[PDB]
Amino acid sequence: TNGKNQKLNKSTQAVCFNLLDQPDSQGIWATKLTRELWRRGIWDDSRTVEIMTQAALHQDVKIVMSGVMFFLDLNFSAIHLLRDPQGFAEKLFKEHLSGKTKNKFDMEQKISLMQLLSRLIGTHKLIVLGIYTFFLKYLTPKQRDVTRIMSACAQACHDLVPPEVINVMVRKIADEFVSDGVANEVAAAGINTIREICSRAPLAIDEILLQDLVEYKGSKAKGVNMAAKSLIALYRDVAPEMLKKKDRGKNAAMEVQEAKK
Amino acid sequence: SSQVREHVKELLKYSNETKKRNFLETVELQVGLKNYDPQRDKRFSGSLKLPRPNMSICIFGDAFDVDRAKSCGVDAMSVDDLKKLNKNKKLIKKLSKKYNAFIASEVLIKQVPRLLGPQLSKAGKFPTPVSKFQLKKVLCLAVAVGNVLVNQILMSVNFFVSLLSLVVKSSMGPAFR
Amino acid sequence: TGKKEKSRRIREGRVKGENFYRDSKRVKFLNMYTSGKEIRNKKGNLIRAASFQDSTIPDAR
RNA sequence: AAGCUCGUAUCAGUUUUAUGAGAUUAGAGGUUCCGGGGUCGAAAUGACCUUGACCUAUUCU
RNA sequence: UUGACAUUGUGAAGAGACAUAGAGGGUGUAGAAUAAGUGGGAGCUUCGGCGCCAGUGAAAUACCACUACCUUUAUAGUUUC
RNA sequence: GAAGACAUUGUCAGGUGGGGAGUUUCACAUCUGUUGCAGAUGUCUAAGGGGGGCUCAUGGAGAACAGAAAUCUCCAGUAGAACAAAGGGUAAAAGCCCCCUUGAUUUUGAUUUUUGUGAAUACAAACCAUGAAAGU
């Protein structure tokens, strides 16, 4: 209350560390407690975020989840007290999802791991390049709760990554969501999750498919029209030469006419 | 003002009091002001600048660029002067840490993250195409402005307040507020 | 001052008869025992028919 | 009700004349790589086993 | 019912704070070692102990500046209890 | 005897006080809660001008891989196409493509919708775009 009893906090963080070592489940009482104290603002310190990092890097599922939900809660200020976020994300993606393919986590937990990885990556300009092929298995409309997965796909995109590994993603989505015969919600979800990719990685889809997607402006369904207008207004301010003359809306065209001579 | 001139004059005289440590003392400006909280994302970034950093740059390039910049007095590299380096993290980190900055051709800023990916992006010296003062987490911010030119100090100060005590310093000299 | 509905609503977080007792939902239930009644003017004639006595022949399609 | 500009001819509960204005795949099989059971597997993205959902050919407009 | 003022005078001893002047500090792991952090860089040298070049580490140590926190030393006075 | 600068007493200021008084009775849709909700994010809220060229939807016949749908050629086709889902209007266009521009510009008054504006409407002077031009 008055002043932070460092002699006490530093002592009762050591027991959390020495609980998380015991690999059965006993770090539950460290994670559940450190989350409470962070929420009450009593343990705002660099020493504590390491505990939840180690929990996220643990083998027990209910401890890993406590760590992941701590670092989630859009993320919290604890990211700004990490020691190496890039190596953290690399170790997570290597241990849990891809490395051994132990298949311990269910889909509801895999999605929460994906959310954390993508939201760290987009925020801190990280580079892993395995993410973008791991998503492709799950990017199918016949898959369980894909609107969460594709909303994290965009969150791992940058201005500073090779756009080919995102081109393959966009061409998977385009092949499987805005193809022939697909439904209105499916096509609208595809276009909406592509334009919010291109808002971070603009040169990740080329003009030839950009035009194929702005085809769907006057689509009579009111989902695909609202979606295509967003892509058009996105590339009207960024790369309006990829768009055709029909779409450059009275100022992009005037800016191009003066700057083309 | 010319209250900068009296400061810089006997700084240049301190130039000739403890003369030489057999190098050249660069000039620096340290910014101190309050009223902002960087733990919230109040971020700033601006690169509208022009020095003498004992220029040590490493350009990556092609045949068209390596024999362009063999002149110039510059360290240069092939693409497979980089391809045959990924096997050793501390090796690819030592070149990371060697040079003050990095540049590369317009072709190789698609391939450089596959090779020098984790490094060279958090370090804040990622290359830039050819043919900074980031408010990351702290209130403290120092920038190297020049060498042993009173204009440059004000030139940078108006830009910093443009973006938003002031101190000027040399390598071992004292502080002048 | 602490025993005021204003202060109660402030410290905690509309219908006639909401107190420390008897929230919204409860007042409506307890009004059922009384106001299944028939409204009239002063001279005497129906303004508002009783509940479940509207007396309008709908379009039954 | 009290009046005040003046006493034209304009008016009219009327007429005349012209003229406009959804559910069905049983029958075949492929997948779920998040649902995995089965003899087996130090070890295995298997022989096959079913729950399935999936892509299908049907019917009305 | 609890607080302030007044009635309300004569004495004493203690604790806390304003306000200045100071003084020092940092173990998750690895690393010689207990790394706030940031920025300049490869000696002022009593020693050339050393700083650079060498690991290990997100971050590298001399030398000199910046401006964050934490803990303590003294009472011109200031007051409160 | 006790007690003592406290209690008390006086004035202010918070709290309690039905004991008592007076009185009333614009949008599809991933992201947090109540139940299948009101709320929070982000996401739509929209290219007009004047010149030229050309006809659309659909069907039939026909061509290696090529099939009901990939590209090509011919015939029919008053609109069955498109123009922000059974409706009016539009076919050398009011539609698609192409060329040039950005009159979606200022000043002076007039009319209808409407006393308040806005909206649309025509009207003249200038700067302008367009086409060879009429003219817009």
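Residue labels here follow a simple count from 1 along each chain's written sequence instead of the entry's numbering, which may differ, and residues missing coordinates are not shown. The lettering of chains begins at A and the numbering of ligands begins at 1, in the order of writing. All values in this entry refer to the displayed chains, which constitute part of a larger assembly. Here the side-chain values reflect all heavy atoms present in the structure, with hydrogen atoms and water set aside. Residues with missing side-chain atoms are left out of burial classes, side-chain pairs and their counts.

- The PDB entry annotates chain B as 60S ribosomal protein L1-A of Saccharomyces cerevisiae.
- As deposited in the PDB, this entry carries the title "Rix1-Rea1 pre-60S particle - full composite structure".
- UniProt positions are given in the numbering used here, feature names are shortened, and annotations may be inferred rather than shown by experiment. Of chain B, the UniProt comment under Subcellular location reads exactly: "Cytoplasm".
- Under the UniProt heading Sequence similarities, the entry covering chain B gives this text: "Belongs to the universal ribosomal protein uL1 family."

- In the nomenclature of the PDB entry, chain A is known as Protein SDA1 of Saccharomyces cerevisiae.

1. Topic: the overall build of chain B
Inference 1: A helix here means a DSSP run of H or I that spans at least four residues, while a strand means a run of E at least two residues long, and both kinds are numbered starting from the N terminus. A tally of regular secondary structure across chain B gives 6 helices and 6 strands.
Inference 2: Mapped in sequence order, the helices and strands of chain B form the string α-β-β-α-β-α-α-β-α-β-α-β.

2. A word on the overall build of chain A
Inference 1: Helix and strand content of chain A: 13 helices and 0 strands.
Inference 2: Along the longest, intermediate and shortest principal axes, the C-alpha atoms of chain A span 70 × 40 × 30 Å.
Inference 3: Here the term buried applies to any residue with accessible area under 20% of the maximum for its type, exposed to any over 50%, and partly exposed to those in between, with areas from a 1.4 Å probe on protein chains only. Across the 261 residues in chain A, those meeting the buried criterion constitute 43%.
Inference 4: When the accessible surface of chain A is totalled, it reaches about 14,100 Å², and 52% of it is carbon and sulfur. Only the protein chains shown count as cover for residues, with accessible areas throughout obtained via the Shrake-Rupley method and a probe of 1.4 Å.

3. Let's talk about the packing of aromatic side chains
Inference 1: Centre distance within 6.5 Å is the pairing criterion for rings of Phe, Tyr and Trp, where only the six-membered ring of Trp is used; planes under 30 degrees apart are then read as stacked, over 60 as edge-to-face, and the remainder as tilted. Taking the centre distance of 5.7 Å and the plane angle of 75 degrees together, the rings of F29(C) and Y33(C) count as edge-to-face.
Inference 2: Ring-pair connections join several aromatic residues into one group, and the members of that group are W38(A), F70(A), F71(A) and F88(A).

4. Notes on the arrangement of the chains
Inference 1: For this analysis, residues touch if any pair of their heavy atoms sits within 4.5 Å. One finds no contact between chain A and chain C; the C-alpha atoms of the two approach each other to within 20 Å at their closest.
Inference 2: Nothing in chain B touches chain C, and the closest approach of their C-alpha atoms is 29 Å.

5. Regarding the interface of chain A and chain B
Inference 1: Across the contact, 5 residues belong to chain A and 7 residues belong to chain B.
Inference 2: Per-class residue counts for the side of chain A that touches chain B are 3 nonpolar, 2 polar and no charged. All residues other than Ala, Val, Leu, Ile, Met, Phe, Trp, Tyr, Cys, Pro, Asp, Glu, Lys and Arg, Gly among them, are scored as polar; the first ten of these are nonpolar and the last four charged.

6. As for the pairing of strand β1 (residues 27–31) of chain B
Residues and elements named next belong to chain B.
Inference 1: Of the strand pairs in this sheet, β1 and strand β5 (residues 141–146) are connected by 5 bridges, and their pairing is antiparallel. The residue bridging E28 from the neighbouring strand is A144, located in β5.
Inference 2: When DSSP finds two or more bridges between two strands, those strands count as paired. When β1 meets strand β6 (residues 167–170), the two strands line up antiparallel, connected through 4 bridges. The residue of β6 that forms the bridge with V27 is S170.

7. Some thoughts on the sheet that holds strand β4 (residues 101–104) of chain B
Residues and elements named next belong to chain B.
Inference 1: The strand order β3-β2-β4 describes an open sheet built from 3 strands, whose pairing is parallel. A single partner strand is all that each edge strand has here, and the edge strands are β3 (75–77) and β4. Strand-to-strand, the axes of this sheet are offset by a mean angle of 20 degrees, without reference to chain direction.
Inference 2: For strand β2 (residues 57–60) and β3, the ladder comprises 3 bridges, and the chain directions are parallel. Paired with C58 across the two strands is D75, which belongs to β3. Only the stretch in contact is used when a helix axis is fitted, and all axes are lines through C-alpha atoms; the angle between N-to-C directions ranges over 0 to 180 degrees.

8. Topic: the side chain of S66(A)
Residue and element names in this part refer to chain A.
Inference 1: Looking at the element boundaries, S66 is found in helix α4 (residues 61–72).
Inference 2: Counted as a polar contact is a pair of N or O atoms within 3.5 Å, where, for protein atoms, one must be capable of donating a hydrogen and the other of accepting one, and residues adjacent in sequence contribute only when both atoms are in side chains. Looking at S66, its side chain comes within polar contact range of the main-chain oxygen of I63, at 2.4 Å.
Inference 3: Every residue in contact with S66, bar those within four places of it in the chain, is listed here: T31, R35 and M52.

9. Brief notes about unusual backbone geometry
Inference 1: Backbone geometry at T101(A) places phi at a positive 55 degrees, although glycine is not the residue there.
Inference 2: Within the secondary structure, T101(A) sits in the loop between α5 (85–99) and α6 (107–124).
Inference 3: Phi angles above zero are rare outside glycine, and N22(B) is one such case at about 40 degrees.
Inference 4: Its location among the elements puts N22(B) in the loop between α1 (3–14) and β1.

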